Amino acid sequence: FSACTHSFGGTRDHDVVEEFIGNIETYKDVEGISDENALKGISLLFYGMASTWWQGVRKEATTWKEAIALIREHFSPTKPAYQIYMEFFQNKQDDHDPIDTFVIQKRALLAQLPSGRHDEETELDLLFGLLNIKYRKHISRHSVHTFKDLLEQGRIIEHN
């Protein structure tokens, strides 16, 4: 990283970050720079607020892998996973909200979580306890295997 053209000013756009990190991942094995010596001179590739950031976070930067992970973590703005779970369990299904809109609001938060963390069974387990008592008296967790099954059966209780 002695004369790398690539730079990053701290713009919080996902693809800006992915191209810069892709660009520096280039350089590290352009000239044969170490893991230690890549994390050595990473500051030289930052300017503006990317350096205000790195100067504040160079202490979790134990590894080159964690430093790259930190760049994606801060500069690709996401609702953090822990904030997603809290918001997931904060609003139960009231007596007036239909089943379709309730599942939409819950699947919206679940889609922000890492793909492949929870399967559809686990996601139903996270959801089922918040389902209103109006629907749970007629449908049982072991009877539903997919969100489609939950919606399909839940739409029938809404007809009568």
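Each residue number is its position in the shown sequence, starting from 1.
Chemist: So, looking at the entry's B-factor column for Cα atoms, which has the higher mean, 66-74 or 123-131?
Modeler: Mean C-alpha B-factor is greater for 66-74.
Chemist: For the stretches 53-61 and 28-36, which has the higher mean C-alpha B-factor as given in the deposited record?
Modeler: Per the PDB record, 28-36.
Chemist: Where does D15 sit by CA temperature factor within its chain: lowest, middle or highest third?
Modeler: As the PDB entry reports it, the C-alpha B-factor of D15 lands in the middle third of its chain.
Chemist: Name the third of the chain's ranked CA B-factors that contains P114, choosing lowest, middle or highest.
Modeler: Lowest third.
Chemist: Quick check on the deposited entry: does the C-alpha B-factor of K106 sit in the lowest, middle or highest third of its chain?
Modeler: Within its chain, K106 is a lowest-third residue by C-alpha B-factor, going by the deposited values.
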